[PDB]
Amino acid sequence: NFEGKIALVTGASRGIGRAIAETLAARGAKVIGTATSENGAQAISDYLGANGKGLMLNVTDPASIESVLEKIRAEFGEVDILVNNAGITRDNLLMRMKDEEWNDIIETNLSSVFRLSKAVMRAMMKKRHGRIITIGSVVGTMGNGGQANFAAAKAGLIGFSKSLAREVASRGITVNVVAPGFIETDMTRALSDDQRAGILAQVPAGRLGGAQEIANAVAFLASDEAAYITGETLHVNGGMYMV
């Protein structure tokens, strides 16, 4: 139960992001989901209704980051739960990877984690309680051909979280990572029927995971039932990989 808790879920327009936003809201938290346009920010506001609000945010723009937080402190208050789910992909074999494809992935997938975590830390420490959860990926752990940039960022955010976790552990703040395997979303519904089959062959469970399933893991970690879990990575991949 997250009654009275304020959660900021970056990139909450669809799939995992949205399921996270809706699940936290359904369990009592005032949720602020974000998108990169006024349109998307509105759509989020529409589905969250009176439970939260949608705000436009660019996780790579320091200005956008403080601006968004300011509003939040004004209309709702200090952020208690941060869920870093904003991220993108710029797949390509190393040989064909453009410098911009590397830099954007790093800036958006990794650096974003540092900026936002840093931006909500002070308030959490004062209250001596908080939750920071970043949506990683099984790729950050096993790596994947054609995704060296994506993998670097996903692996990197775990290294980041482990270190931050050690800095604020005693202050009642946990920093964890939920690593999804293949989840049914846009990026999987737009794959040919053959690619889809190729994907399922790697998953012992024999089915793609659900966005909601990733949301359930986040909610658990964001709750008070997971206060002794920090610096940990929770893999939700149907057995695709086991650590």
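Note that residue numbering begins at 1 and tracks the sequence as displayed.
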Exercise for the section: Could you check the entry and say whether 176-184 or 31-39 has the higher mean CA B-factor? Expected result: 31-39
Completion exercise
Once average C-alpha B-factors are taken from the entry for 135-143 and 119-127, the winner is 119-127
Problem - Residue, from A205, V59, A215, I199, that the PDB entry assigns the highest Cα B-factor - result: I199
Practice task
Can you work out whether the C-alpha temperature factor of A155 puts it in the lowest, middle or highest third of the chain?
Solution key: lowest
Problem - Chain-wide C-alpha B factor ranking for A26, given as lowest, middle or highest third - result: middle
Exercise for the section: Grab the CA temperature factor for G4 from the record and place it in the lowest, middle or highest third of its chain. Expected result: highest
Handout entry: Among modelled residues of the same chain, the CA temperature factor third for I44
Key = middle
Completion exercise
Binned into thirds over the chain's modelled residues, the C-alpha B-factor of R73 lands in the highest
